[PDB]
Every structure is written in C-alpha cells, then in structure tokens.
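Peer 1: Let me give you the structure first, and then I'll get to my questions.
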Amino acid sequence: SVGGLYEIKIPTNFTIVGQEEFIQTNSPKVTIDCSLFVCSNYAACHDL
Amino acid sequence: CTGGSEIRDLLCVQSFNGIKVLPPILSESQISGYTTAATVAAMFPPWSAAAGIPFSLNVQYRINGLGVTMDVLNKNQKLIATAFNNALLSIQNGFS
Amino acid sequence: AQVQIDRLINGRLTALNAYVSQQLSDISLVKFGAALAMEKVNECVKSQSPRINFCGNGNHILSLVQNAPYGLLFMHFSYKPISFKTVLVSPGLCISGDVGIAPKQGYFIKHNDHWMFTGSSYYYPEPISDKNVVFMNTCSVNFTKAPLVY
Amino acid sequence: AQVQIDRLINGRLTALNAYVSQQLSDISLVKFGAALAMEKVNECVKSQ
Ligand SMILES: *[C@@H]1O[C@H](CO)[C@@H](O)[C@H](O)[C@H]1NC(C)=O
C-alpha cells in the first residue's frame with residue numbers, strides 16, 4: 001500500500017454471459033419381469 | 001516392487017495380482033498449489049478470495065456482524081490478530 | 001436338465017442382483033441430483049439466495065430453468081467484466097473527528113484530487129454519502145487519514 | 001478340473017461383485033463429501 005492506497009483493477013465495461021447447466025432429476029423407469037427374464041415360459045425352470 | 005528391495009510389501013503382492021491403485025489425474029502437489037493460491041488470494045490485493053478487502057478488515061467486519069462493537073475491534077486489533085495466529089497454531093499443534 | 005437350468009438360474013439371478021444394486025446406487029444419485037435441482041429452482045430461479053458459487057461460477061445475476069430429458073436445464077446468467085482499469089483504492093477512511101468510514105460494496109478512490117466512492121464491480125466515481133458508507137465511531141489504524149471529508 | 005475352476009471363478013466373481021458394490025457406495029459418499037467441501041469452500045473460505 002503506497003500512501004495508504006492499494007492498486008486494484010476495477011471493471012470499466014461488462015457483458016452478460018450465459019452458462020447452461022443440466023441437472024438430472026429423473027431416469028428411465030426400468031421394470032423387469034423377473035420370472036420371464038429368468039425362465040421365459042418354461043415350466044421346469046419356473047418350478048426350480 | 002521391481003527395485004531389488006528385500007521387503008515383501010503387500011502393495012506389490014496386490015499389484016502383481018491385478019489390484020493396483022492409480023495416481024489421481026491431478027497430483028496432491030497441484031492441489032496444494034491450488035489451496036496456497038486460494039490462501040494468498042485473501043491476504044494481498046486484489047483480495048480476490050476475501051471479499052475484495054484486506055484480510056484483517058474482513059475478520060473485523062465478520063466479528064462485528066456477530067454483535068461486537070467496532071470500537072473494541074479496531075482498539076484490540078493486535079490482540080485479535082494474536083488470537084487468530086494462536087488459534088492457527090493450536091490447529092497446527094493438534095495434529096501432534 | 002435340472003442341474004443345467006439351476007446353473008442358468010443362478011447366473012441370471014446374480015446378474016439381476018447386480019443390476020438391482022447398480023440401479024439402487026444410480027437412483028440414489030438421481031434423488032440427490034433432483035434435490036440439488038429443487039434447491040437451484042428455489043434459490044437461483046425463484047429467488048437469489050446469498051450463496052456465491054451455488055448458481056454457477058461467477059458474479060451470478062439470475063437464473064432460469066427449462067425442461068430437459070430426464071432432468072432440468074438451468075441457464076445461469078453472470079456479470080462478466082470486459083475491460084479493467086488499474087485504480088488506487090482505499091478500504092477505509094478516518095474522517096472528521098476520527099470517525100472511521102468503510103466503503104459499502106465498493107472502494108474509496110481519489111478522483112479530481114478528492115475522495116470519492118466507486119463500486120467494486122464497475123469503475124464509476126460517486127460522491128461519498130451514507131448510502132455507500134459503513135460508519136465506525138473509531139477509525140481503524142492504517143485507514144487513510146482524511147480530515148477534510150465531511 | 002473344469003468344475004473345480006468353475007467353483008473358484010464363481011467365488012472370485014462374487015467377491016469382485018461385492019467389492020464393486022461397496023466401491024460404488026463409497027464413491028457416492030465421496031462425491032457427496034466433495035460437494036459439501038465445495039460448498040464449504042464457496043461459502044466459508046471465499047465468502048461467508
Ligand atoms: C463496452 O464494450 C462493448 C463491446 O465490447 C462496446 O460496444 C461498448 O462501446 C463498450 N462501452 C464502454 C463504455 O467501453
């Protein structure tokens with residue numbers, strides 16, 4: 001500080017800048033038919 | 001693990017079994033540099049990380065916002081600074 | 001056939017368990033992202049909470065929200081300085097009867113050889129007034145001595 | 001030898017799946033801790 005004053009760079013002109021941001025609030029609702037995935041329609045697999 | 005050392009280090013066992021820790025993309029030295037830059041950003045002009053005012057002034061204005069009159073703050077400035085660096089030392093000495 | 005089907009069932013059930021665990025983790029992440037998105041709607045779009053880099057980096061002015069696939073898109077509008085001027089400033093003055101004054105969201109500068117106030121984010125000298133000054137009954141040391149002010 | 005190796009593969013693959021699930025949980029914790037640390041930087045260090 002020279003004589004009680006500091007050197008500072010103060011803006012003399014400005015613009016407005018845009019910045020997009022994506023926040024994920026949802027996801028595909030995946031549903032699985034567990035018996036049909038594992039065994040399809042085969043009776044011996046369903047029994048096991 | 002290949003330097004000819006005599007110690008069977010468990011990390012050498014892990015790595016030769018496929019379990020290896022890779023270094024982070026930024027070294028902790030770079031993060032240390034970032035933190036030091038963020039620290040000196042508050043103690044010198046333009047005080048880009050201290051609301052644009054000297055660090056001691058920021059401390060004084062922060063204490064004033066808690067209900068402490070400015071008279072004692074600018075009267076006991078050196079005592080406040082000593083208390084601050086003593087708190088920093090106690091934080092430092094707490095790691096021992 | 002029963003032992004072969006049992007081997008297939010075990011493999012398929014382990015795969016489904018792994019998928020379910022990964023789905024639980026991903027949905028926890030989605031829940032907390034949605035909580036963050038609701039906070040941004042409340043505190044950037046509908047109001048401007050006094051948090052510095054919550055609504056995008058920089059001097060945040062205001063934010064808007066639009067619908068996006070499986071989420072929200074936020075438009076964060078910021079004050080971006082274009083050109084700068086190096087100016088000698090003072091963070092406080094000891095005026096009149098040793099009364100201390102600090103600039104309010106700005107700096108004290110010497111324009112036309114007398115003390116004036118300028119905002120911190122735009123160089124524009126202004127007369128010093130109680131609107132842009134925080135008063136102190138005793139001036140801090142190293143404050144610039146200005147007995148001729150007010 | 002193939003059935004014995006299959007038993008070893010299954011045990012090792014289950015241990016690997018358990019470790020990767022625990023690692024996903026721990027990394028979620030790390031992400032949210034880092035978000036908290038970023039909040040603390042922005043709202044305690046760089047401002048109040
Ligand atoms: C600010 O910058 C814009 C674009 O760079 C320019 O058109 C305008 O004249 C400038 N204004 C001042 C006061 O410098």
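Labeling convention for the structure tokens: chains A, B, ... as they appear, residues from 1 per chain, ligands from 1 in order of appearance.
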Please identify all protein, DNA and RNA residues within 7 Å of ligand 1, counting only C-alpha atoms and all ligand atoms, and report them as number ranges by chain.
Peer 2: A: 12-14; C: 82
Peer 1: Just N, CA and C atoms for this one: save the residues we selected as a CSV table (one decimal), in the first residue's frame.
Peer 2:
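Final file, again.csv:
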chain,number,residue,atom,x,y,z
A,12,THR,N,-14.4,-1.5,-16.1
A,12,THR,CA,-14.9,-0.3,-16.7
A,12,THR,C,-15.9,-0.6,-17.8
A,13,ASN,N,-16.2,-1.9,-18.0
A,13,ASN,CA,-17.2,-2.3,-19.0
A,13,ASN,C,-17.5,-3.8,-18.8
A,14,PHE,N,-18.7,-4.2,-19.1
A,14,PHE,CA,-19.1,-5.5,-18.8
A,14,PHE,C,-20.1,-6.0,-19.8
C,82,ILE,N,-15.6,-6.9,-18.8
C,82,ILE,CA,-15.0,-6.9,-20.1
C,82,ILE,C,-13.6,-6.2,-20.1
Peer 1: Report as CSV: every residue of chain D with an atom at most 12 Å from chain B, its closest pair of atoms, and their distance in Å to one decimal, counting only C-alpha atoms, with rows sorted by chain and ascending residue number.
Peer 2:
residue,atom,partner,partner_atom,distance
D:16,CA,B:19,CA,11.1
D:19,CA,B:19,CA,11.8
D:41,CA,B:38,CA,9.7
D:42,CA,B:49,CA,9.4
D:43,CA,B:49,CA,10.9
D:44,CA,B:50,CA,10.3
D:45,CA,B:49,CA,7.4
D:46,CA,B:49,CA,4.7
D:47,CA,B:51,CA,6.6
D:48,CA,B:62,CA,8.5
Peer 1: Closest to residue 40 (chain B) among B:93, B:55, B:87, B:27, using only C-alpha atoms?
Peer 2: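 Among the listed residues, B:55 lies closest to residue 40 (chain B).
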Peer 1: Can you work out which residues from chain B touch chain C at a cut-off of 7 Å (counting only C-alpha atoms) and hand them back as JSON, numbers by chain?
Peer 2: {"B": [53, 70, 71, 74]}
Peer 1: Distance CA of residue 4 (chain A)-CA of residue 145 (chain C), one decimal place?
Peer 2: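 It comes out at 8.6 Å.
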Peer 1: Using Å and a single decimal, report how far CA of residue 60 (chain B) sits from CA of residue 78 (chain B).
Peer 2: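 Interatomic distance here is 11.2 Å.
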Peer 1: Using only C-alpha atoms, which chain C residues lie at most 7 Å away from chain A, written as a PyMOL selection string?
Peer 2: chain C and resi 5-6+9+12+30-31+33-34+37+70-90+120-123+142-144
Peer 1: Atoms to include: N, CA, C and O atoms. Write the selected residues as a compact mmCIF listing (two decimals), in the first residue's frame.
Peer 2:
# COMPACT_ATOMS: atom_id res chain seq x y z
N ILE C 5 -30.31 -76.10 -15.74
CA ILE C 5 -31.24 -74.99 -15.52
C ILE C 5 -30.90 -74.30 -14.21
O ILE C 5 -30.95 -73.08 -14.15
N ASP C 6 -30.47 -75.03 -13.19
CA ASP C 6 -30.07 -74.41 -11.93
C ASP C 6 -28.86 -73.51 -12.12
O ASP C 6 -28.79 -72.42 -11.55
N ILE C 9 -30.24 -70.39 -13.85
CA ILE C 9 -30.96 -69.60 -12.86
C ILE C 9 -29.96 -68.88 -11.97
O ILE C 9 -30.08 -67.67 -11.80
N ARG C 12 -28.34 -65.97 -13.94
CA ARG C 12 -29.32 -64.92 -14.24
C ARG C 12 -29.75 -64.18 -12.98
O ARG C 12 -29.82 -62.96 -13.00
N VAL C 30 -29.63 -40.02 -8.57
CA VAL C 30 -30.69 -39.25 -9.21
C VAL C 30 -31.49 -38.47 -8.17
O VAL C 30 -31.86 -37.31 -8.39
N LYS C 31 -31.80 -39.10 -7.04
CA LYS C 31 -32.52 -38.42 -5.97
C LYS C 31 -31.76 -37.20 -5.48
O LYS C 31 -32.34 -36.13 -5.28
N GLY C 33 -29.33 -35.54 -7.06
CA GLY C 33 -29.32 -34.56 -8.12
C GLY C 33 -30.62 -33.80 -8.22
O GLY C 33 -30.63 -32.59 -8.46
N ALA C 34 -31.75 -34.49 -8.01
CA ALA C 34 -33.04 -33.82 -8.05
C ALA C 34 -33.22 -32.90 -6.85
O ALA C 34 -33.86 -31.84 -6.96
N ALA C 37 -31.42 -29.92 -7.81
CA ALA C 37 -32.17 -29.17 -8.81
C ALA C 37 -33.32 -28.40 -8.18
O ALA C 37 -33.61 -27.27 -8.59
N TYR C 70 -35.15 -36.13 -18.82
CA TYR C 70 -34.70 -36.74 -17.57
C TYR C 70 -33.97 -35.75 -16.67
O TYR C 70 -33.02 -36.11 -15.98
N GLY C 71 -34.41 -34.50 -16.67
CA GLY C 71 -33.80 -33.52 -15.79
C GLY C 71 -34.25 -32.12 -16.14
O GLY C 71 -35.19 -31.93 -16.91
N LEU C 72 -33.57 -31.15 -15.54
CA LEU C 72 -33.82 -29.74 -15.81
C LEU C 72 -32.54 -29.10 -16.33
O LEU C 72 -31.44 -29.50 -15.96
N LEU C 73 -32.71 -28.11 -17.19
CA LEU C 73 -31.59 -27.32 -17.69
C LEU C 73 -31.70 -25.92 -17.10
O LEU C 73 -32.73 -25.26 -17.26
N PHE C 74 -30.65 -25.48 -16.43
CA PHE C 74 -30.62 -24.17 -15.79
C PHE C 74 -29.73 -23.24 -16.60
O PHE C 74 -28.63 -23.62 -17.01
N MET C 75 -30.22 -22.03 -16.84
CA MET C 75 -29.46 -21.01 -17.55
C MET C 75 -28.99 -19.99 -16.52
O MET C 75 -29.78 -19.19 -16.02
N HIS C 76 -27.70 -20.03 -16.19
CA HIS C 76 -27.13 -19.14 -15.20
C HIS C 76 -26.53 -17.92 -15.90
O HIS C 76 -25.60 -18.06 -16.70
N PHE C 77 -27.06 -16.74 -15.58
CA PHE C 77 -26.62 -15.50 -16.20
C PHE C 77 -25.72 -14.75 -15.23
O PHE C 77 -26.08 -14.54 -14.07
N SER C 78 -24.54 -14.36 -15.71
CA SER C 78 -23.49 -13.83 -14.86
C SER C 78 -23.06 -12.45 -15.34
O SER C 78 -23.19 -12.12 -16.52
N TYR C 79 -22.55 -11.66 -14.40
CA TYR C 79 -21.94 -10.38 -14.71
C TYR C 79 -20.48 -10.62 -15.07
O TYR C 79 -19.68 -11.00 -14.21
N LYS C 80 -20.14 -10.40 -16.33
CA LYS C 80 -18.78 -10.64 -16.79
C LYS C 80 -18.09 -9.33 -17.11
O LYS C 80 -18.47 -8.66 -18.09
N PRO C 81 -17.10 -8.90 -16.33
CA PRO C 81 -16.33 -7.71 -16.70
C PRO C 81 -15.61 -7.91 -18.02
O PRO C 81 -15.09 -8.99 -18.31
N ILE C 82 -15.57 -6.85 -18.83
CA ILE C 82 -14.96 -6.89 -20.15
C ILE C 82 -13.58 -6.24 -20.14
O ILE C 82 -12.60 -6.83 -20.59
N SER C 83 -13.49 -5.02 -19.62
CA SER C 83 -12.24 -4.28 -19.57
C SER C 83 -12.04 -3.75 -18.16
O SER C 83 -13.00 -3.48 -17.44
N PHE C 84 -10.78 -3.59 -17.78
CA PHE C 84 -10.41 -3.21 -16.43
C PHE C 84 -9.56 -1.95 -16.45
O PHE C 84 -8.90 -1.64 -17.45
N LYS C 85 -9.58 -1.23 -15.34
CA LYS C 85 -8.75 -0.05 -15.14
C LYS C 85 -8.04 -0.18 -13.80
O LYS C 85 -8.68 -0.45 -12.78
N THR C 86 -6.72 0.00 -13.81
CA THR C 86 -5.95 -0.02 -12.58
C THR C 86 -6.14 1.30 -11.85
O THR C 86 -5.79 2.36 -12.37
N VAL C 87 -6.68 1.23 -10.64
CA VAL C 87 -7.02 2.42 -9.87
C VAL C 87 -6.59 2.21 -8.42
O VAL C 87 -6.78 1.13 -7.86
N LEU C 88 -6.00 3.24 -7.84
CA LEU C 88 -5.60 3.21 -6.44
C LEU C 88 -6.84 3.40 -5.56
O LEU C 88 -7.56 4.39 -5.72
N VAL C 89 -7.07 2.46 -4.65
CA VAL C 89 -8.27 2.49 -3.81
C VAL C 89 -7.85 2.52 -2.35
O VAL C 89 -6.70 2.27 -1.99
N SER C 90 -8.82 2.85 -1.50
CA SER C 90 -8.64 2.80 -0.06
C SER C 90 -9.77 1.97 0.54
O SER C 90 -10.94 2.15 0.16
N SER C 120 -17.41 -1.78 -6.49
CA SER C 120 -16.33 -2.75 -6.66
C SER C 120 -16.33 -3.40 -8.03
O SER C 120 -15.26 -3.77 -8.52
N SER C 121 -17.49 -3.53 -8.67
CA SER C 121 -17.59 -4.24 -9.93
C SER C 121 -17.75 -3.32 -11.13
O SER C 121 -17.97 -3.82 -12.24
N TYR C 122 -17.65 -2.01 -10.95
CA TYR C 122 -17.75 -1.08 -12.07
C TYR C 122 -17.14 0.24 -11.65
O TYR C 122 -17.57 0.83 -10.65
N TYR C 123 -16.16 0.72 -12.40
CA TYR C 123 -15.50 1.98 -12.08
C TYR C 123 -16.42 3.13 -12.44
O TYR C 123 -16.67 3.40 -13.62
N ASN C 142 -4.28 2.43 10.07
CA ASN C 142 -3.90 2.33 8.67
C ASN C 142 -5.02 2.74 7.72
O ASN C 142 -4.83 2.69 6.50
N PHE C 143 -6.18 3.14 8.23
CA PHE C 143 -7.16 3.82 7.40
C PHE C 143 -6.58 5.15 6.94
O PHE C 143 -5.90 5.84 7.71
N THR C 144 -6.83 5.50 5.69
CA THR C 144 -6.26 6.73 5.15
C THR C 144 -6.85 7.94 5.86
O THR C 144 -8.08 8.09 5.93
Peer 1: Pull out every residue of chain B that has at least one atom within 10 Å of chain A, counting only C-alpha atoms, and report them as a PyMOL selection string.
Peer 2: chain B and resi 44-47+52+54
Peer 1: Mind dumping the selected residues with N, CA and C atoms as a PDB file, in the first residue's frame?
Peer 2:
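Ended up saving to part23.pdb:
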ATOM      1  N   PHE B  44      -3.591 -10.392   0.077  1.00  0.00           N
ATOM      2  CA  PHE B  44      -2.938  -9.360  -0.710  1.00  0.00           C
ATOM      3  C   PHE B  44      -3.918  -8.848  -1.750  1.00  0.00           C
ATOM      4  N   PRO B  45      -3.720  -7.631  -2.248  1.00  0.00           N
ATOM      5  CA  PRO B  45      -4.597  -7.113  -3.296  1.00  0.00           C
ATOM      6  C   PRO B  45      -4.519  -7.984  -4.535  1.00  0.00           C
ATOM      7  N   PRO B  46      -5.630  -8.157  -5.254  1.00  0.00           N
ATOM      8  CA  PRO B  46      -6.937  -7.523  -5.060  1.00  0.00           C
ATOM      9  C   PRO B  46      -7.826  -8.215  -4.036  1.00  0.00           C
ATOM     10  N   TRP B  47      -7.282  -9.126  -3.228  1.00  0.00           N
ATOM     11  CA  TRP B  47      -8.059  -9.888  -2.252  1.00  0.00           C
ATOM     12  C   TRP B  47      -9.230 -10.597  -2.926  1.00  0.00           C
ATOM     13  N   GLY B  52     -12.682  -8.806  -1.452  1.00  0.00           N
ATOM     14  CA  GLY B  52     -12.086  -7.615  -2.019  1.00  0.00           C
ATOM     15  C   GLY B  52     -11.568  -6.609  -1.021  1.00  0.00           C
ATOM     16  N   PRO B  54      -8.832  -6.131   2.677  1.00  0.00           N
ATOM     17  CA  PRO B  54      -7.758  -6.792   3.425  1.00  0.00           C
ATOM     18  C   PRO B  54      -8.295  -7.820   4.410  1.00  0.00           C
TER      19      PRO B  54
END
Peer 1: Determine which residues of chain C sit within 7 Å of chain D, taking into account only C-alpha atoms, and present them as number ranges by chain.
Peer 2: C: 25, 51-53
Peer 1: Produce a file of the selected residues containing N, CA and C atoms, as a PDB file, in the first residue's frame.
Peer 2:
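Saved result, again.pdb, follows:
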ATOM      1  N   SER C  25     -27.957 -47.655  -6.543  1.00  0.00           N
ATOM      2  CA  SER C  25     -26.938 -46.610  -6.469  1.00  0.00           C
ATOM      3  C   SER C  25     -27.263 -45.456  -7.414  1.00  0.00           C
ATOM      4  N   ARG C  51     -25.578 -17.001  -1.678  1.00  0.00           N
ATOM      5  CA  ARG C  51     -24.575 -18.064  -1.780  1.00  0.00           C
ATOM      6  C   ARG C  51     -23.780 -17.803  -3.052  1.00  0.00           C
ATOM      7  N   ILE C  52     -22.456 -17.856  -3.003  1.00  0.00           N
ATOM      8  CA  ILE C  52     -21.611 -17.227  -4.015  1.00  0.00           C
ATOM      9  C   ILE C  52     -21.604 -18.038  -5.308  1.00  0.00           C
ATOM     10  N   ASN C  53     -21.148 -19.286  -5.248  1.00  0.00           N
ATOM     11  CA  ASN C  53     -20.998 -20.090  -6.454  1.00  0.00           C
ATOM     12  C   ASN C  53     -21.996 -21.237  -6.508  1.00  0.00           C
TER      13      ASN C  53
END
Peer 1: Which of chain C end up as helix (DSSP H, G or I) when DSSP is run on this backbone - answer as a PyMOL selection string?
Peer 2: chain C and resi 2-45+130-132
Peer 1: Using CA of residue 2 (chain B) and CA of residue 24 (chain B) as the two end points, give the distance in Å to one decimal.
Peer 2: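 We find that CA of residue 2 (chain B) and CA of residue 24 (chain B) lie 22.0 Å from each other.
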Peer 1: Write out as a PyMOL selection string all residues of region 49-132 of chain C that DSSP puts in strand (DSSP E) for this structure's backbone.
Peer 2: chain C and resi 59-68+71-90+93-95+99-103+106-110+115-119+122-126
Peer 1: Only N, CA and C atoms, please: the residues just picked out, written as a compact mmCIF listing (two decimals), in the first residue's frame.
Peer 2:
# COMPACT_ATOMS: atom_id res chain seq x y z
N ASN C 59 -20.07 -13.97 -11.01
CA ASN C 59 -20.97 -12.99 -10.41
C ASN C 59 -22.39 -13.27 -10.90
N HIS C 60 -23.06 -14.16 -10.17
CA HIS C 60 -24.38 -14.63 -10.59
C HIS C 60 -25.41 -13.53 -10.47
N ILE C 61 -26.07 -13.22 -11.58
CA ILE C 61 -27.14 -12.24 -11.61
C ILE C 61 -28.46 -12.93 -11.31
N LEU C 62 -28.75 -13.98 -12.07
CA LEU C 62 -30.09 -14.53 -12.14
C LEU C 62 -30.02 -15.83 -12.92
N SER C 63 -31.03 -16.68 -12.73
CA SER C 63 -31.06 -17.98 -13.37
C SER C 63 -32.47 -18.29 -13.85
N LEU C 64 -32.54 -19.08 -14.92
CA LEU C 64 -33.80 -19.54 -15.49
C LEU C 64 -33.73 -21.05 -15.66
N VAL C 65 -34.89 -21.68 -15.74
CA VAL C 65 -34.99 -23.13 -15.81
C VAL C 65 -35.84 -23.52 -17.01
N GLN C 66 -35.42 -24.58 -17.70
CA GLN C 66 -36.18 -25.16 -18.80
C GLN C 66 -36.23 -26.67 -18.63
N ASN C 67 -37.25 -27.28 -19.23
CA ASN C 67 -37.37 -28.73 -19.18
C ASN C 67 -36.33 -29.38 -20.09
N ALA C 68 -35.78 -30.49 -19.63
CA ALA C 68 -34.83 -31.28 -20.39
C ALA C 68 -35.19 -32.74 -20.24
N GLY C 71 -34.41 -34.50 -16.67
CA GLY C 71 -33.80 -33.52 -15.79
C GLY C 71 -34.25 -32.12 -16.14
N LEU C 72 -33.57 -31.15 -15.54
CA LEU C 72 -33.82 -29.74 -15.81
C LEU C 72 -32.54 -29.10 -16.33
N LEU C 73 -32.71 -28.11 -17.19
CA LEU C 73 -31.59 -27.32 -17.69
C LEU C 73 -31.70 -25.92 -17.10
N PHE C 74 -30.65 -25.48 -16.43
CA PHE C 74 -30.62 -24.17 -15.79
C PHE C 74 -29.73 -23.24 -16.60
N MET C 75 -30.22 -22.03 -16.84
CA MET C 75 -29.46 -21.01 -17.55
C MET C 75 -28.99 -19.99 -16.52
N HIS C 76 -27.70 -20.03 -16.19
CA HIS C 76 -27.13 -19.14 -15.20
C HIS C 76 -26.53 -17.92 -15.90
N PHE C 77 -27.06 -16.74 -15.58
CA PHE C 77 -26.62 -15.50 -16.20
C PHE C 77 -25.72 -14.75 -15.23
N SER C 78 -24.54 -14.36 -15.71
CA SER C 78 -23.49 -13.83 -14.86
C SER C 78 -23.06 -12.45 -15.34
N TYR C 79 -22.55 -11.66 -14.40
CA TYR C 79 -21.94 -10.38 -14.71
C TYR C 79 -20.48 -10.62 -15.07
N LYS C 80 -20.14 -10.40 -16.33
CA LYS C 80 -18.78 -10.64 -16.79
C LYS C 80 -18.09 -9.33 -17.11
N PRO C 81 -17.10 -8.90 -16.33
CA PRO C 81 -16.33 -7.71 -16.70
C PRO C 81 -15.61 -7.91 -18.02
N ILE C 82 -15.57 -6.85 -18.83
CA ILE C 82 -14.96 -6.89 -20.15
C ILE C 82 -13.58 -6.24 -20.14
N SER C 83 -13.49 -5.02 -19.62
CA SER C 83 -12.24 -4.28 -19.57
C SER C 83 -12.04 -3.75 -18.16
N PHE C 84 -10.78 -3.59 -17.78
CA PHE C 84 -10.41 -3.21 -16.43
C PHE C 84 -9.56 -1.95 -16.45
N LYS C 85 -9.58 -1.23 -15.34
CA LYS C 85 -8.75 -0.05 -15.14
C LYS C 85 -8.04 -0.18 -13.80
N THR C 86 -6.72 0.00 -13.81
CA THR C 86 -5.95 -0.02 -12.58
C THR C 86 -6.14 1.30 -11.85
N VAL C 87 -6.68 1.23 -10.64
CA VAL C 87 -7.02 2.42 -9.87
C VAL C 87 -6.59 2.21 -8.42
N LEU C 88 -6.00 3.24 -7.84
CA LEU C 88 -5.60 3.21 -6.44
C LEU C 88 -6.84 3.40 -5.56
N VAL C 89 -7.07 2.46 -4.65
CA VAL C 89 -8.27 2.49 -3.81
C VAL C 89 -7.85 2.52 -2.35
N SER C 90 -8.82 2.85 -1.50
CA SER C 90 -8.64 2.80 -0.06
C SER C 90 -9.77 1.97 0.54
N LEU C 93 -11.54 5.13 5.57
CA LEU C 93 -11.06 6.49 5.81
C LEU C 93 -11.31 6.88 7.25
N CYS C 94 -10.37 7.63 7.81
CA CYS C 94 -10.52 8.25 9.12
C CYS C 94 -10.86 9.72 8.89
N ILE C 95 -12.13 10.07 9.06
CA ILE C 95 -12.63 11.38 8.66
C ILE C 95 -13.05 12.17 9.89
N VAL C 99 -13.69 9.79 13.04
CA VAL C 99 -14.74 8.82 12.74
C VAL C 99 -14.31 7.99 11.54
N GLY C 100 -14.37 6.67 11.68
CA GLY C 100 -13.99 5.78 10.61
C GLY C 100 -15.17 5.45 9.71
N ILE C 101 -14.90 5.39 8.41
CA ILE C 101 -15.90 5.02 7.42
C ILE C 101 -15.30 3.99 6.48
N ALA C 102 -16.09 2.97 6.16
CA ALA C 102 -15.68 1.95 5.21
C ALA C 102 -16.59 1.98 4.00
N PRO C 103 -16.06 1.76 2.80
CA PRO C 103 -16.92 1.72 1.61
C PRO C 103 -17.86 0.53 1.66
N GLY C 106 -17.73 -1.51 -2.28
CA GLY C 106 -17.00 -0.64 -3.18
C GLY C 106 -15.69 -0.21 -2.56
N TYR C 107 -15.12 0.86 -3.10
CA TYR C 107 -13.83 1.34 -2.66
C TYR C 107 -13.84 2.86 -2.61
N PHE C 108 -12.93 3.42 -1.82
CA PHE C 108 -12.69 4.86 -1.81
C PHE C 108 -11.53 5.18 -2.73
N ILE C 109 -11.74 6.13 -3.63
CA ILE C 109 -10.75 6.48 -4.65
C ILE C 109 -10.57 7.99 -4.66
N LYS C 110 -9.43 8.42 -5.20
CA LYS C 110 -9.12 9.84 -5.36
C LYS C 110 -9.38 10.23 -6.81
N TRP C 115 -11.66 12.71 -2.28
CA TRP C 115 -12.11 11.35 -2.02
C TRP C 115 -13.50 11.11 -2.59
N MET C 116 -13.65 10.04 -3.36
CA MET C 116 -14.94 9.63 -3.89
C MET C 116 -15.06 8.11 -3.80
N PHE C 117 -16.30 7.64 -3.94
CA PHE C 117 -16.62 6.22 -3.86
C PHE C 117 -16.86 5.66 -5.25
N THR C 118 -16.38 4.44 -5.48
CA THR C 118 -16.70 3.70 -6.68
C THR C 118 -17.11 2.28 -6.30
N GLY C 119 -18.07 1.73 -7.04
CA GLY C 119 -18.47 0.36 -6.80
C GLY C 119 -17.35 -0.61 -7.12
N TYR C 122 -17.65 -2.01 -10.95
CA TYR C 122 -17.75 -1.08 -12.07
C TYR C 122 -17.14 0.24 -11.65
N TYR C 123 -16.16 0.72 -12.40
CA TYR C 123 -15.50 1.98 -12.08
C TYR C 123 -16.42 3.13 -12.44
N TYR C 124 -16.94 3.80 -11.42
CA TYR C 124 -17.82 4.94 -11.60
C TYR C 124 -17.76 5.80 -10.34
N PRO C 125 -16.90 6.82 -10.30
CA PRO C 125 -16.76 7.62 -9.09
C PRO C 125 -18.06 8.30 -8.70
N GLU C 126 -18.36 8.27 -7.41
CA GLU C 126 -19.58 8.83 -6.85
C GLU C 126 -19.23 9.68 -5.64
